[PDB]
Amino acid sequence: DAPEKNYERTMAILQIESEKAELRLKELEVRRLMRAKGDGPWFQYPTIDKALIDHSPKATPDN
Amino acid sequence: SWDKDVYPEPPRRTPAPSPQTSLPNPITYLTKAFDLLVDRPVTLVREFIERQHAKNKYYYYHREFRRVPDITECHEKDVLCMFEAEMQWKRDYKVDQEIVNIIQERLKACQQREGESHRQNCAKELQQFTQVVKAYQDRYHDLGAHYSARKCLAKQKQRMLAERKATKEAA
């Protein structure tokens, strides 16, 4: 191979691998913040569906 | 041949042969026998091969690397620029190595050529050798087997802090 070909191929490899490394560090930080705060789409552990609640007039009024 | 200024040679001064004896030296007879039996046939074969070279002449080139930005003006952890800076630095390191090799060849050729008065007659080559070895040692010594442009920049910054503190405490 030419030194041009190997050199610029190496630079393509370095760009791909550095972008993957920055995204892995961001993935760690995103998982840390989402487990800490719970306001993202991940770690959304379920609560009770409020579509199950009966809203009719009941037998006794104080409810 | 080569470039006679990067590999300098002083003018050869050989004495005229002034024989005092009456006996013939065998060296002139052997010189004529070497000229006839050896030097002329080797010359003819080389002229034959050189004609064959001149029948088809083609050229090779010295590769020229243009300078890229060095490690100082590369951002931290920016591999696309500091890679180029590192390749630049490694080529400069290999070339500085061969500069030291050139000056060592000069010193050894001076010592043999001057012979017995080599200690006086090779002071300029010794001085150039001491300067280029001091430069190479300040530039590249003790970096390690995992040397880089960052290691050399850190060594240079430590040396410059030492020089700045030594200058400032002397004023």
# chains A, B, ... in the order shown; residues from 1 in each chain; ligands from 1

call {"tool": "interface_residues", "arguments": {"of": "chain B", "to": "chain A", "cutoff": "8 Å", "atoms": "only C-alpha atoms", "output": "ChimeraX atom specification"}}
result
/B:79-80,83

call {"tool": "select_by_dssp", "arguments": {"residues": "range 48-108 of chain B", "states": "alpha helix (DSSP H)", "output": "PDB file with N, CA, C and O atoms, in the first residue's frame"}}
result
ATOM      1  N   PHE B  48      30.567  -0.956 -20.052  1.00  0.00           N
ATOM      2  CA  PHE B  48      29.540  -1.739 -20.738  1.00  0.00           C
ATOM      3  C   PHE B  48      28.206  -1.658 -20.008  1.00  0.00           C
ATOM      4  O   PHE B  48      27.166  -1.351 -20.612  1.00  0.00           O
ATOM      5  N   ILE B  49      28.229  -1.907 -18.696  1.00  0.00           N
ATOM      6  CA  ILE B  49      27.016  -1.862 -17.886  1.00  0.00           C
ATOM      7  C   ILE B  49      26.438  -0.452 -17.843  1.00  0.00           C
ATOM      8  O   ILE B  49      25.219  -0.275 -17.888  1.00  0.00           O
ATOM      9  N   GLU B  50      27.293   0.569 -17.844  1.00  0.00           N
ATOM     10  CA  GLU B  50      26.815   1.942 -17.786  1.00  0.00           C
ATOM     11  C   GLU B  50      26.207   2.386 -19.113  1.00  0.00           C
ATOM     12  O   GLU B  50      25.254   3.174 -19.119  1.00  0.00           O
ATOM     13  N   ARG B  51      26.727   1.880 -20.240  1.00  0.00           N
ATOM     14  CA  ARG B  51      26.043   2.066 -21.519  1.00  0.00           C
ATOM     15  C   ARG B  51      24.671   1.406 -21.505  1.00  0.00           C
ATOM     16  O   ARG B  51      23.690   1.981 -22.000  1.00  0.00           O
ATOM     17  N   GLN B  52      24.588   0.201 -20.930  1.00  0.00           N
ATOM     18  CA  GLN B  52      23.296  -0.466 -20.794  1.00  0.00           C
ATOM     19  C   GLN B  52      22.347   0.304 -19.875  1.00  0.00           C
ATOM     20  O   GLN B  52      21.129   0.262 -20.077  1.00  0.00           O
ATOM     21  N   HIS B  53      22.882   0.997 -18.864  1.00  0.00           N
ATOM     22  CA  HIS B  53      22.057   1.877 -18.038  1.00  0.00           C
ATOM     23  C   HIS B  53      21.546   3.062 -18.840  1.00  0.00           C
ATOM     24  O   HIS B  53      20.373   3.436 -18.732  1.00  0.00           O
ATOM     25  N   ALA B  54      22.426   3.677 -19.633  1.00  0.00           N
ATOM     26  CA  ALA B  54      22.058   4.857 -20.404  1.00  0.00           C
ATOM     27  C   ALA B  54      21.097   4.540 -21.541  1.00  0.00           C
ATOM     28  O   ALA B  54      20.443   5.456 -22.047  1.00  0.00           O
ATOM     29  N   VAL B  79      -7.393  13.275  18.143  1.00  0.00           N
ATOM     30  CA  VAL B  79      -6.515  12.298  17.507  1.00  0.00           C
ATOM     31  C   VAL B  79      -6.226  12.594  16.043  1.00  0.00           C
ATOM     32  O   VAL B  79      -5.171  12.188  15.546  1.00  0.00           O
ATOM     33  N   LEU B  80      -7.103  13.316  15.340  1.00  0.00           N
ATOM     34  CA  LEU B  80      -6.881  13.514  13.912  1.00  0.00           C
ATOM     35  C   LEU B  80      -5.765  14.511  13.654  1.00  0.00           C
ATOM     36  O   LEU B  80      -5.053  14.397  12.652  1.00  0.00           O
ATOM     37  N   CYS B  81      -5.594  15.482  14.542  1.00  0.00           N
ATOM     38  CA  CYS B  81      -4.522  16.449  14.389  1.00  0.00           C
ATOM     39  C   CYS B  81      -3.258  16.012  15.112  1.00  0.00           C
ATOM     40  O   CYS B  81      -2.151  16.170  14.581  1.00  0.00           O
ATOM     41  N   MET B  82      -3.394  15.447  16.313  1.00  0.00           N
ATOM     42  CA  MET B  82      -2.212  15.029  17.047  1.00  0.00           C
ATOM     43  C   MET B  82      -1.613  13.757  16.478  1.00  0.00           C
ATOM     44  O   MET B  82      -0.429  13.501  16.702  1.00  0.00           O
ATOM     45  N   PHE B  83      -2.380  12.993  15.698  1.00  0.00           N
ATOM     46  CA  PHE B  83      -1.797  11.915  14.909  1.00  0.00           C
ATOM     47  C   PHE B  83      -0.826  12.454  13.871  1.00  0.00           C
ATOM     48  O   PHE B  83       0.286  11.938  13.723  1.00  0.00           O
ATOM     49  N   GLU B  84      -1.246  13.478  13.125  1.00  0.00           N
ATOM     50  CA  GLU B  84      -0.377  14.087  12.125  1.00  0.00           C
ATOM     51  C   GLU B  84       0.831  14.738  12.775  1.00  0.00           C
ATOM     52  O   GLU B  84       1.951  14.654  12.253  1.00  0.00           O
ATOM     53  N   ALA B  85       0.618  15.371  13.930  1.00  0.00           N
ATOM     54  CA  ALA B  85       1.716  15.957  14.688  1.00  0.00           C
ATOM     55  C   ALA B  85       2.697  14.895  15.165  1.00  0.00           C
ATOM     56  O   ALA B  85       3.913  15.107  15.146  1.00  0.00           O
ATOM     57  N   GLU B  86       2.183  13.728  15.553  1.00  0.00           N
ATOM     58  CA  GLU B  86       3.032  12.642  16.019  1.00  0.00           C
ATOM     59  C   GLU B  86       3.818  12.016  14.878  1.00  0.00           C
ATOM     60  O   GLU B  86       4.981  11.644  15.058  1.00  0.00           O
ATOM     61  N   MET B  87       3.208  11.895  13.700  1.00  0.00           N
ATOM     62  CA  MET B  87       3.939  11.362  12.554  1.00  0.00           C
ATOM     63  C   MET B  87       5.020  12.333  12.100  1.00  0.00           C
ATOM     64  O   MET B  87       6.129  11.914  11.735  1.00  0.00           O
ATOM     65  N   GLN B  88       4.721  13.637  12.170  1.00  0.00           N
ATOM     66  CA  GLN B  88       5.711  14.672  11.894  1.00  0.00           C
ATOM     67  C   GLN B  88       6.875  14.586  12.870  1.00  0.00           C
ATOM     68  O   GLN B  88       8.046  14.632  12.471  1.00  0.00           O
ATOM     69  N   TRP B  89       6.560  14.427  14.155  1.00  0.00           N
ATOM     70  CA  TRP B  89       7.584  14.349  15.185  1.00  0.00           C
ATOM     71  C   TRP B  89       8.430  13.091  15.048  1.00  0.00           C
ATOM     72  O   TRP B  89       9.638  13.128  15.291  1.00  0.00           O
ATOM     73  N   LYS B  90       7.819  11.970  14.657  1.00  0.00           N
ATOM     74  CA  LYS B  90       8.579  10.733  14.510  1.00  0.00           C
ATOM     75  C   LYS B  90       9.503  10.786  13.307  1.00  0.00           C
ATOM     76  O   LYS B  90      10.633  10.277  13.365  1.00  0.00           O
ATOM     77  N   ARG B  91       9.047  11.397  12.209  1.00  0.00           N
ATOM     78  CA  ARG B  91       9.935  11.593  11.070  1.00  0.00           C
ATOM     79  C   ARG B  91      11.084  12.525  11.423  1.00  0.00           C
ATOM     80  O   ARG B  91      12.231  12.273  11.039  1.00  0.00           O
ATOM     81  N   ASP B  92      10.805  13.583  12.192  1.00  0.00           N
ATOM     82  CA  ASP B  92      11.871  14.479  12.626  1.00  0.00           C
ATOM     83  C   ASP B  92      12.837  13.790  13.578  1.00  0.00           C
ATOM     84  O   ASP B  92      14.035  14.077  13.554  1.00  0.00           O
ATOM     85  N   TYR B  93      12.342  12.852  14.381  1.00  0.00           N
ATOM     86  CA  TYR B  93      13.193  12.113  15.303  1.00  0.00           C
ATOM     87  C   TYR B  93      14.133  11.178  14.559  1.00  0.00           C
ATOM     88  O   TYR B  93      15.332  11.128  14.859  1.00  0.00           O
ATOM     89  N   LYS B  94      13.615  10.481  13.548  1.00  0.00           N
ATOM     90  CA  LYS B  94      14.451   9.614  12.722  1.00  0.00           C
ATOM     91  C   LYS B  94      15.481  10.420  11.922  1.00  0.00           C
ATOM     92  O   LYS B  94      16.645  10.006  11.784  1.00  0.00           O
ATOM     93  N   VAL B  95      15.094  11.609  11.449  1.00  0.00           N
ATOM     94  CA  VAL B  95      16.026  12.439  10.686  1.00  0.00           C
ATOM     95  C   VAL B  95      17.113  13.022  11.592  1.00  0.00           C
ATOM     96  O   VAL B  95      18.286  13.069  11.209  1.00  0.00           O
ATOM     97  N   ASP B  96      16.753  13.436  12.814  1.00  0.00           N
ATOM     98  CA  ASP B  96      17.746  13.938  13.766  1.00  0.00           C
ATOM     99  C   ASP B  96      18.728  12.848  14.176  1.00  0.00           C
ATOM    100  O   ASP B  96      19.926  13.113  14.369  1.00  0.00           O
ATOM    101  N   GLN B  97      18.226  11.617  14.310  1.00  0.00           N
ATOM    102  CA  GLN B  97      19.083  10.449  14.486  1.00  0.00           C
ATOM    103  C   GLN B  97      20.110  10.320  13.365  1.00  0.00           C
ATOM    104  O   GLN B  97      21.305  10.105  13.614  1.00  0.00           O
ATOM    105  N   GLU B  98      19.669  10.479  12.117  1.00  0.00           N
ATOM    106  CA  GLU B  98      20.639  10.358  11.033  1.00  0.00           C
ATOM    107  C   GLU B  98      21.573  11.564  10.931  1.00  0.00           C
ATOM    108  O   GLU B  98      22.683  11.424  10.408  1.00  0.00           O
ATOM    109  N   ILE B  99      21.159  12.731  11.430  1.00  0.00           N
ATOM    110  CA  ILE B  99      22.065  13.881  11.515  1.00  0.00           C
ATOM    111  C   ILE B  99      23.208  13.587  12.478  1.00  0.00           C
ATOM    112  O   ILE B  99      24.385  13.861  12.183  1.00  0.00           O
ATOM    113  N   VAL B 100      22.874  13.006  13.638  1.00  0.00           N
ATOM    114  CA  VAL B 100      23.892  12.557  14.589  1.00  0.00           C
ATOM    115  C   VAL B 100      24.811  11.516  13.951  1.00  0.00           C
ATOM    116  O   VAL B 100      26.033  11.539  14.154  1.00  0.00           O
ATOM    117  N   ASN B 101      24.245  10.627  13.125  1.00  0.00           N
ATOM    118  CA  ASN B 101      25.057   9.632  12.417  1.00  0.00           C
ATOM    119  C   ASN B 101      26.027  10.277  11.429  1.00  0.00           C
ATOM    120  O   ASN B 101      27.177   9.831  11.301  1.00  0.00           O
ATOM    121  N   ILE B 102      25.581  11.326  10.729  1.00  0.00           N
ATOM    122  CA  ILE B 102      26.449  12.068   9.811  1.00  0.00           C
ATOM    123  C   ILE B 102      27.616  12.702  10.558  1.00  0.00           C
ATOM    124  O   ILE B 102      28.774  12.624  10.119  1.00  0.00           O
ATOM    125  N   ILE B 103      27.337  13.309  11.714  1.00  0.00           N
ATOM    126  CA  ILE B 103      28.411  13.983  12.442  1.00  0.00           C
ATOM    127  C   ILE B 103      29.383  12.971  13.058  1.00  0.00           C
ATOM    128  O   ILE B 103      30.597  13.223  13.121  1.00  0.00           O
ATOM    129  N   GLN B 104      28.892  11.789  13.448  1.00  0.00           N
ATOM    130  CA  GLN B 104      29.793  10.734  13.914  1.00  0.00           C
ATOM    131  C   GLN B 104      30.687  10.218  12.792  1.00  0.00           C
ATOM    132  O   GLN B 104      31.872   9.935  13.020  1.00  0.00           O
ATOM    133  N   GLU B 105      30.134  10.085  11.581  1.00  0.00           N
ATOM    134  CA  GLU B 105      30.946   9.694  10.432  1.00  0.00           C
ATOM    135  C   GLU B 105      32.020  10.727  10.131  1.00  0.00           C
ATOM    136  O   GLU B 105      33.158  10.367   9.800  1.00  0.00           O
ATOM    137  N   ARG B 106      31.678  12.014  10.266  1.00  0.00           N
ATOM    138  CA  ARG B 106      32.667  13.077  10.094  1.00  0.00           C
ATOM    139  C   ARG B 106      33.791  12.974  11.113  1.00  0.00           C
ATOM    140  O   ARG B 106      34.969  13.096  10.757  1.00  0.00           O
ATOM    141  N   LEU B 107      33.441  12.736  12.378  1.00  0.00           N
ATOM    142  CA  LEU B 107      34.449  12.660  13.433  1.00  0.00           C
ATOM    143  C   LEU B 107      35.381  11.464  13.244  1.00  0.00           C
ATOM    144  O   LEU B 107      36.605  11.597  13.381  1.00  0.00           O
ATOM    145  N   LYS B 108      34.828  10.305  12.885  1.00  0.00           N
ATOM    146  CA  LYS B 108      35.653   9.111  12.715  1.00  0.00           C
ATOM    147  C   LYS B 108      36.541   9.211  11.479  1.00  0.00           C
ATOM    148  O   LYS B 108      37.712   8.796  11.509  1.00  0.00           O
TER     149      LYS B 108
END

call {"tool": "residues_around", "arguments": {"residues": "range 109-120 of chain B", "least_positions_apart": "6", "cutoff": "10 Å", "atoms": "only C-alpha atoms", "output": "list in words"}}
result
residues 7, 8, 9, 10, 103 and 126 of chain B

call {"tool": "write_last_selection", "arguments": {"atoms": "C-alpha atoms", "output": "short mmCIF file (atom, residue, chain, number, x, y, z; two decimals), in the first residue's frame"}}
result
data_model
loop_
_atom_site.label_atom_id
_atom_site.label_comp_id
_atom_site.auth_asym_id
_atom_site.auth_seq_id
_atom_site.Cartn_x
_atom_site.Cartn_y
_atom_site.Cartn_z
CA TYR B 7 30.78 15.01 3.90
CA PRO B 8 33.76 17.36 3.65
CA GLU B 9 37.25 16.26 2.72
CA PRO B 10 40.41 18.40 2.96
CA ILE B 103 28.41 13.98 12.44
CA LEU B 126 34.86 17.40 17.91
#

call {"tool": "atom_distance", "arguments": {"atom1": "CA of residue 40 in chain B", "atom2": "CA of residue 28 in chain B"}}
result
16.5 Å

call {"tool": "atom_distance", "arguments": {"atom1": "CA of residue 170 in chain B", "atom2": "CA of residue 152 in chain B"}}
result
26.9 Å

call {"tool": "closest_residue", "arguments": {"among": "B:72, B:167, B:20, B:43", "to": "residue 150 in chain B", "atoms": "only C-alpha atoms"}}
result
B:72

call {"tool": "residues_around", "arguments": {"residues": "residue 42 in chain A", "least_positions_apart": "5", "cutoff": "10 Å", "atoms": "only C-alpha atoms", "output": "ChimeraX atom specification"}}
result
/A:30-31,34-35

call {"tool": "write_last_selection", "arguments": {"atoms": "N, CA, C and O atoms", "output": "compact mmCIF listing (two decimals), in the first residue's frame"}}
result
# COMPACT_ATOMS: atom_id res chain seq x y z
N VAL A 30 -25.01 9.42 30.72
CA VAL A 30 -26.46 9.40 30.55
C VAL A 30 -27.11 8.36 31.45
O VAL A 30 -28.13 8.64 32.10
N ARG A 31 -26.52 7.15 31.54
CA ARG A 31 -27.06 6.14 32.44
C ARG A 31 -26.97 6.56 33.89
O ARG A 31 -27.89 6.31 34.68
N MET A 34 -29.69 9.32 34.45
CA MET A 34 -31.05 8.82 34.38
C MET A 34 -31.38 7.91 35.56
O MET A 34 -32.52 7.92 36.03
N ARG A 35 -30.43 7.11 36.03
CA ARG A 35 -30.70 6.33 37.24
C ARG A 35 -30.79 7.24 38.46
O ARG A 35 -31.59 6.97 39.37

call {"tool": "decode", "arguments": {"residues": "range 40-64 of chain B", "atoms": "C-alpha atoms", "output": "PDB file, in the first residue's frame"}}
result
ATOM      1  CA  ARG B  40      41.223  -1.815 -17.251  1.00  0.00           C
ATOM      2  CA  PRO B  41      38.951  -4.942 -17.460  1.00  0.00           C
ATOM      3  CA  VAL B  42      36.857  -3.773 -14.485  1.00  0.00           C
ATOM      4  CA  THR B  43      36.656  -0.368 -16.191  1.00  0.00           C
ATOM      5  CA  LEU B  44      35.554  -1.967 -19.483  1.00  0.00           C
ATOM      6  CA  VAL B  45      32.854  -4.076 -17.796  1.00  0.00           C
ATOM      7  CA  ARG B  46      31.597  -1.033 -15.879  1.00  0.00           C
ATOM      8  CA  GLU B  47      31.506   1.067 -19.054  1.00  0.00           C
ATOM      9  CA  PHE B  48      29.540  -1.739 -20.738  1.00  0.00           C
ATOM     10  CA  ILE B  49      27.016  -1.862 -17.886  1.00  0.00           C
ATOM     11  CA  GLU B  50      26.815   1.942 -17.786  1.00  0.00           C
ATOM     12  CA  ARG B  51      26.043   2.066 -21.519  1.00  0.00           C
ATOM     13  CA  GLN B  52      23.296  -0.466 -20.794  1.00  0.00           C
ATOM     14  CA  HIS B  53      22.057   1.877 -18.038  1.00  0.00           C
ATOM     15  CA  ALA B  54      22.058   4.857 -20.404  1.00  0.00           C
ATOM     16  CA  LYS B  55      20.002   2.905 -22.960  1.00  0.00           C
ATOM     17  CA  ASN B  56      17.005   3.262 -20.584  1.00  0.00           C
ATOM     18  CA  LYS B  57      17.248   5.994 -17.949  1.00  0.00           C
ATOM     19  CA  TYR B  58      14.507   6.548 -15.376  1.00  0.00           C
ATOM     20  CA  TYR B  59      14.319   8.408 -12.122  1.00  0.00           C
ATOM     21  CA  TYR B  60      13.386   8.045  -8.465  1.00  0.00           C
ATOM     22  CA  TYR B  61      12.598  10.849  -6.063  1.00  0.00           C
ATOM     23  CA  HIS B  62      13.233  12.017  -2.528  1.00  0.00           C
ATOM     24  CA  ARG B  63       9.876  12.096  -0.774  1.00  0.00           C
ATOM     25  CA  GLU B  64       8.975  15.558   0.523  1.00  0.00           C
TER      26      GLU B  64
END
